[PDB]
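Atoms within a ligand are numbered from 1 in the order they appear, just like the ligands themselves. Note: hydrogens, waters and symmetry copies are ignored here, and every other heavy atom, side chains too, is used. A note on names: the letters A, B, ... follow the listed sequences, proteins ahead of strands, and every chain is numbered from 1.
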Amino acid sequence: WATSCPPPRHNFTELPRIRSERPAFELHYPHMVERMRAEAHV
Amino acid sequence: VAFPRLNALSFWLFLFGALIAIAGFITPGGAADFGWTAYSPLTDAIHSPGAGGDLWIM
Amino acid sequence: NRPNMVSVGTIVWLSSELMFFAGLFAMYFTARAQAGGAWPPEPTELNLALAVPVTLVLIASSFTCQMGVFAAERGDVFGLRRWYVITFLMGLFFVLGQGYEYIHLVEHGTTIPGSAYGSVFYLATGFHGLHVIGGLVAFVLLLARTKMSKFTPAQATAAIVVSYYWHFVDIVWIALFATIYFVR
Amino acid sequence: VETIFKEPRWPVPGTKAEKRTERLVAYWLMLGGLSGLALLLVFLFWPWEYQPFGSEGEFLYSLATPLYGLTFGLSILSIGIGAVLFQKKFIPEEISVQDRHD
Amino acid sequence: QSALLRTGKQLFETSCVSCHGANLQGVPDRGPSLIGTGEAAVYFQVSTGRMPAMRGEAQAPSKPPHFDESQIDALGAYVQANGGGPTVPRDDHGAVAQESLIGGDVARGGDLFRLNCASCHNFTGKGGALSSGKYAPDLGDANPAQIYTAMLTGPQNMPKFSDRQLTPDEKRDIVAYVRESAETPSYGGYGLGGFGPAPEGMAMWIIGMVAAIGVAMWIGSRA
Amino acid sequence: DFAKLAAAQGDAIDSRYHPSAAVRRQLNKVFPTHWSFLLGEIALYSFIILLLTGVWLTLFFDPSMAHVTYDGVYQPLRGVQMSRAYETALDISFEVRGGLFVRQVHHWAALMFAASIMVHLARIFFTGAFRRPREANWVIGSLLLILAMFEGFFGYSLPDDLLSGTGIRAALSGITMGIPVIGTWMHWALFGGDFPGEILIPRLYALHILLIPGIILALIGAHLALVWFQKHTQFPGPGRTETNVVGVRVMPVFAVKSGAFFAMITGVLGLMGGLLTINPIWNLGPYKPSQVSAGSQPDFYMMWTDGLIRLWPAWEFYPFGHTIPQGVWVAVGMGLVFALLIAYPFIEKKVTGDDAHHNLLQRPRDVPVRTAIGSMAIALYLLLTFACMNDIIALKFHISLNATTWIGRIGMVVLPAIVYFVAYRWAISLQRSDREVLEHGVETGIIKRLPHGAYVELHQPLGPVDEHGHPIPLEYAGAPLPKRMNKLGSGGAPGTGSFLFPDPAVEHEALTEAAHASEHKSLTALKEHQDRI
Amino acid sequence: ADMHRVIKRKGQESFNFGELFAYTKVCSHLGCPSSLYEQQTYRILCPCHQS
Amino acid sequence: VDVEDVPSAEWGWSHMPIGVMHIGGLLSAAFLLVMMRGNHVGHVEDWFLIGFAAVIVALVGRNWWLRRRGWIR
Amino acid sequence: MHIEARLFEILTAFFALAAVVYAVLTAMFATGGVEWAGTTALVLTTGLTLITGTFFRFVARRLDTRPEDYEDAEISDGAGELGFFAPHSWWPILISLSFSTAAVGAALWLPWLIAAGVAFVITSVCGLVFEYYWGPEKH
Ligand SMILES: CCCCCCCCCCCCCCCC(=O)OC[C@H]1O[C@H](O[C@@H]2[C@H](O)[C@@H](O)[C@H](O)[C@@H](O[C@H]3O[C@H](CO)[C@@H](O)[C@H](O)[C@@H]3O)[C@@H]2OP(=O)(O)OC[C@@H](COC(=O)CCCCCCCC[C@H](C)CCCCCCCC)OC(=O)CCCCCCCCCCCCCCC)[C@@H](O)[C@@H](O)[C@@H]1O
Ligand SMILES: CC(C)=CCC/C(C)=C/CC/C(C)=C/CC/C(C)=C/CC/C(C)=C\CC/C(C)=C/CC/C(C)=C/CC/C(C)=C/CC/C(C)=C/CC1=C(C)C(=O)c2ccccc2C1=O
Ligand SMILES: CC(C)=CCC/C(C)=C/CC/C(C)=C/CC/C(C)=C\CC/C(C)=C\CC/C(C)=C/CC/C(C)=C\CC/C(C)=C\CC/C(C)=C/CC1=C(C)C(=O)c2ccccc2C1=O
Ligand code: HEC
Ligand code: HEM
Ligand code: HEM
Ligand SMILES: CCCCCCCCCCCCCC(=O)O[C@H](COC(=O)CCCCCCCCCCC)COP(=O)(O)O
Ligand code: FES
């Protein structure tokens, strides 16, 4: 979900920083990076 | 993928393998009639002599 | 560094091949348990005067195959060809040795339809013999590729993964040789 | 007709590869001669007469005609292979352009 | 021998009653009557492995035999005891005659085979295709007794050849041609299946033309 | 010694016939070196082998239909009544040393001759070699194909065996007598009476050894003379135009290549004649009208004729006390195919409207309509050929015989339509694949990850490059475009030496420098010539 | 047992001797001998063009 | 046709009129239907002919309608 | 690639325990003694993970931390050429057709068709292997 629809021949014209299991969510919503880390554990 | 050529080989190998098993219907005896679990000795030449079962195996 | 993608793929596929021989071993062991006391039954008479020298040749082929791997990693394409040609010749002798033993066994009444032991013995060893034949084809194909272009690290990788298959084939035969000719 | 390219196959003399290529062409020609000689000997001395079914000589007669084609076929084929190799390894490579005037 | 008849009925009760019934009258739309078929029909149908059948189609094909030689004789005797019929030839020892059925005049057998047998099969007896789904099988695996019984009994779609239409001497000569032509090696090399132009053309296109074209690309150039 | 003799004879010939300008103009002729241009030589070489083996067979064959009693060595046929044609045919294969080998090679040579013409016809059709000014050249070749089939058909009918006699009885008799108004008059005239008569085999023997081969040789001579004097077409490429031929001269490259190719064709035919049994007439038996066999197929080049008979439905008309059998459909359809094949270039030039001089061949992908039409014709021919073999296919492959007839019947129209659509798209699809290389270069297959995470594939430009990495797109020139980097020399050389031991390094470097220098000027010479013109 | 399924052709009703029928061996299509007579299906097959 | 549809448009015959293929399709189905007039007693083959003829007719009609409405050219 | 090898070792331990327990549980409790067809598969199932797991262990101890094996790795750390990946090839469909031809011959037991399929497979496999190594034509 971090690439265009449809993806190019090599699937990626760029790559975001991968720090968790949801790199696309982190990239599209930078303001939620802090919330996910703090609220991860109940 | 790791092996682009081998990935394409899997598709065609599967497609031609699937067609061979289905091709038992055009035979006069018919396709396989012993079930997908093909229990023994039902799948045997004595109990399954037609070519439909042979095409199913290959 | 870097993991060898071709080596990883070959090793992963080689492990799957072991499950193919698992089915063949199951047929032999299932028939062995139903022998009732005679395994192998008459008139089958296995001889170690021919199996042992042929088995030793196949074992010695692994050493020559490994010698070619060292030459391949060193960049000596000619040294790789010399050791793999010798390995091919001794690997071919295994097929001829196995085929010669098949002729005598058939003439003595041991055939695939003749006995249940003949079925488990021939399919288990014959399918391994097909693997040896397939390995010999791999040796020829790889050797033919060495004269097509310069010796590249990718070319050397193909030599290594071919030896992996040969080592797997030799190891499988040792299990088959011990199970059949010793565990009776 | 204009020959725009014409060079010898072995500009560098005294090379082991050139001698090796000379032997390779000769080996195919020698094989053709040996097979042709075999055809002469097989056609003259091999048992060719028909043998009835169940006879001792039936197997030998069954190989009479197959041996005739094996020796004759391999002889001229080997000569042709050597001739092709000589053209591709010793005859100079040339490119010629001819005006059609059609 | 009462033991042989009882043994044959004992095999019949567990193998053949499903399609032929308990009294050999035949189950309608499942199997015909076995009354009058004789021992020869049962012997051929069991030794060739054709019976017991497993399903209804164009022809039940051949398969490995379900009963051994002793059981075939018992099965044949039980059917023979009900309605009679032709019997398989036997030698002096009482076993099924195999070598004694070979005729000494193959030339007559070849002409008889061409006139009466080479229509459904081919000249060399390789087989042929019948009307719809049915097909004549290969004759290279049938022993002389099986051929004799097939001529006597006339399997599914095969005109019955009686001992009057074809005398035992003629039948013995016919199987002589069939048995001889099966094991005579081809004289011009590989037999190519012995079917005629059909394998010859396929072998030509895949061998001679492949080699000729492959040689041409070696000699010639691309682009 | 030998050098003096060479000049002695050379001056002797020149002083009498002055064959200097003529021979030099024949030893300087340039022929292109494309692999597909050797396809026609296979048919020519096969015909020569047929001439040599055919002459040998005429010294032992007695073409008679008089019944005789066999007294030869073949035990399974002792006493069997047969004609003299079948009597001597067995004598050749059994009573003559090497006769079976010659008989088998001759029959295999005929199959190569028929197959080579079909393959050679495909190249002429798909590459457009039939266009102006070679319309008559196509017509002459088309007659050769028709003559070859009938010559071969009369070939295996000579031994008078039950397999071919059945084929003669159906094809030559029933179709001929089923023709309207003048159908039984031709049959009566050709057979000299009712089937089988007593004159068919001698007449067929004469037509097969003298008349038809004589016409074929005359047509081949005109065909080869026309090709030699009207020049040979060449594929588009570097230095290739429409007013010049690019290749090698006859002496000595083409003469050696043509002579060597003849030797290897003879070896292939010689090996097959001595490794595969063909037409085992002794196993077939003499022809009797009361005897028949399953699988009575003719030879492969005549199977499509028999396949049309099997597939065509039972459509007869009975107008006012007369009868038009199902053979009229096959007879008319057979003539229609020959008429369409011969007159194709004129049809194409009338439809397309292109009536210009053509010397450069067209790639099959560049002409999708003709490629689709040819693929459609090939598919129809293959379906007709396999329909003739339906009974054996039914027996071997476990298919209902009624199914095989109806599969061919429905497939006779459905399959050609499907193949035309696929071939039309495939040919146009190939053009797009070439356009990709022109505007993007050859894909090296190497994937590189950019620092920002972009995945790109390294491309090798085929020409000049613009400001940045991307090249300027080239224009299609009708020539094949490389798509594999190994074909461009990126793979290098393994190293000079034997298969087991390496040559000295100085020798290897000298040889690789010589090879690299040779390819540098070989390509430059073509570019220099191309730029000049 | 199958005699009740026999259909007679006009002008040929009395051409049989009971259960014995005589038919020409020459196929009406092109003249091949059509002698692949199946006894149960009562189908005469011509091996040349599958009639 | 033009370059974008057939890149080698000027290098050879690349256009076939749609009328020939449409009429040929109708004749293809007509030939399938008329073949039901035969000596065969079974009707399994008759239904196969009907299905193939219907499929061909549907394809021809679909192409003609799309061409008429301007969706495809 | 420590985690990659740990996955196969975890499977190796369970497969080894199941094979040993089930063999010893059928030798004294199953009717007829050891279940052979059934045990042999379990024992060699461990070998499948053992071979892959051991090789991954040896590979991991040779190479240092990869960019994909680094908890906090940057995208630019992996910049560079990855390797060779085939752009296009029609050889795989020919190999499948060649293998299917032999299978049909094996199913119908046609010795000629089996031999043709085996020859086709070798020819098709040769093209796949040599596709990216054939040199330029020497003319
Ligand atoms: C440059 C190129 C030019 C040169 C090319 C030419 C090469 C030719 C190759 C072959 C040459 C052989 C010469 C010797 C001939 C010979 O002396 O032979 C003996 C006998 O042997 C067979 O007897 C079998 C038994 O021995 C009998 O006991 C048994 O009875 C009998 O059974 C029949 O009879 C029964 C009733 O009796 C019936 O019940 C039954 O049904 C059947 O009819 C059997 O015969 P059959 O099954 O026919 O074949 C069985 C075959 C198995 O097949 C085959 O070889 C198939 C392979 C070849 C056939 C030809 C090609 C055909 C192409 C395919 C059809 C392709 C189709 C694919 C479709 C794709 C596209 C379509 C859409 O096993 C064998 O021989 C094993 C031998 C293996 C040889 C392998 C070749 C080695 C090559 C190595 C090269 C190295 C060179 C490297 C140099 C650097 C029969 O022939 C007999 O007549 C014959 O007499
Ligand atoms: C017009 C007509 C007759 C056609 C209808 C019959 C028909 C449908 C043909 C195909 C028959 C088949 C293949 C049936 C079996 C089931 C099956 C697997 C078919 C379809 C499967 C499918 C769709 C895909 C699987 C993969 C695939 C596409 C490949 C198939 C590979 C094969 C084996 C194809 C060949 C089929 C075929 C019709 C070829 C026959 C070749 C011929 C004519 C050879 C004759 C021949 C014979 C008869 C010999 O005895 C012989 C003996 C010794 C040496 C040589 C030969 C020899 O060449
Ligand atoms: C034993 C038995 C019972 C069996 C039956 C007998 C039998 C079948 C025997 C046949 C034996 C035969 C025919 C032998 C073949 C020998 C042969 C062809 C060559 C021997 C030499 C060889 C193998 C190679 C090296 C020797 C060498 C010097 C090679 C080339 C020789 C030279 C310089 C000239 C060629 C001479 C030659 C023999 C070849 C003929 C080729 C011909 C005639 C083609 C010319 C030609 C061609 C090819 C065109 O393409 C063409 C296109 C358009 C218009 C016209 C032409 C045209 O005329
Ligand atoms: C078409 C009507 C045939 C004629 C003419 C001949 N045979 Fe036949 N044959 C035919 C069929 C349909 C079958 C199989 C029937 C079944 O139920 O499976 C057979 C079988 C044989 C066999 C058995 C071969 C075997 O099982 O291995 C033999 C030996 C045989 N036929 C011999 C034979 C002879 C000698 C013939 C001439 C008198 C003859 N057949 C003609 C079909 C037809
Ligand atoms: C016995 C039959 C035939 C023989 C001996 C034969 C032989 C040859 C030979 C040797 C050539 C020289 C160039 C080449 O090989 O491509 C040639 C060219 C040619 N042939 Fe054939 N061929 C035959 C059948 C045919 C057929 C069936 C056709 C057309 C339907 C045909 C049409 C042509 C044409 C047009 C050329 C010239 C092509 C060009 O100049 O590029 N020939 N033939
Ligand atoms: C294009 C040319 C030719 C073709 C296609 C051709 C084809 C054939 C074929 C297929 C046969 C069958 C062989 C067999 O069944 O064993 C045959 C037989 C024969 N051919 Fe030819 N042939 C050609 C030229 C010639 C020539 C030039 C001659 C004589 C000089 C000749 C003489 C014979 C004879 C005598 C036979 C019968 C011999 C026998 O069947 O044993 N043929 N021909
Ligand atoms: C029965 C005997 C058959 C003889 C066959 C021909 C053998 C002799 C070859 C003659 C070649 C002489 C070349 C030469 O250098 O001598 C030359 C003689 O003068 C000539 O050029 C005569 C030209 C006639 C040649 C054309 C005839 C056909 C030749 C075809 C060859 C394939 C000597 O030239 P020079 O003095 O060295 O400059
Ligand atoms: S000849 Fe009897 S069906 Fe055509």
Atoms in ligand 6 with a heavy atom of [X] nearer than 4.0 Å:
X	result
F/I92	41 (O)
F/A110	5 (C), 7 (C), 10 (C)
F/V55	29 (C), 30 (C)
F/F47	1 (C), 2 (C)
F/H107	10 (C), 14 (C), 15 (O)

Protein residue, atom and distance nearest to [atom], heavy-atom basis:
atom	answer
atom 41 (C) of ligand 4	E/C117 CA, 3.7 Å
atom 19 (C) of ligand 4	E/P137 CD, 3.5 Å
atom 9 (N) of ligand 4	E/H121 NE2, 3.5 Å
atom 40 (N) of ligand 4	E/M158 CE, 3.3 Å
atom 25 (C) of ligand 4	E/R50 NH2, 3.5 Å

| said: When you compare ligand 4 with E/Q45, is there at least one nitrogen or oxygen pair between them that comes in under 3.5 angstrom? | reply: no
| request: Could you check which of E/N116, E/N143, E/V175, E/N157 puts a non-hydrogen atom nearest to atom 10 (C) of ligand 4? | output: E/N157
| Taking atom 22 (C) of ligand 4 as the point of reference, which of G/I44, G/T41, E/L139, E/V178 owns the nearest heavy atom? | E/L139
| note | Counting heavy atoms under 4.0 Å, the part of G/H49 that contacts ligand 8 is both
| said: Checking contacts here: is it the side chain or the backbone of E/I147 that comes within 4.0 Å of ligand 4, counting heavy atoms only? Could be both or neither. | reply: both
| Does E/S119 approach ligand 4 within less than 4.0 angstrom via side chain, backbone, both or neither, non-hydrogen atoms only? | side chain
| Measuring from the heavy atoms of F/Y205, does anything fall under 4.0 Å of ligand 6? | yes
| query | Does ligand 4 have any atom sitting under 4.0 Å from a heavy atom of E/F113? | reply | no
| Would you say G/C27 has an N, O or S atom lying under 2.8 Å from atom 4 (Fe) of ligand 8? | no
| task | Tell me whether G/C46 has at least one N, O or S atom under 2.8 Å from atom 4 (Fe) of ligand 8. | result | no
| said: Checking contacts here: is it the side chain or the backbone of F/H106 that comes within 4.0 Å of ligand 6, counting heavy atoms only? Could be both or neither. | reply: side chain
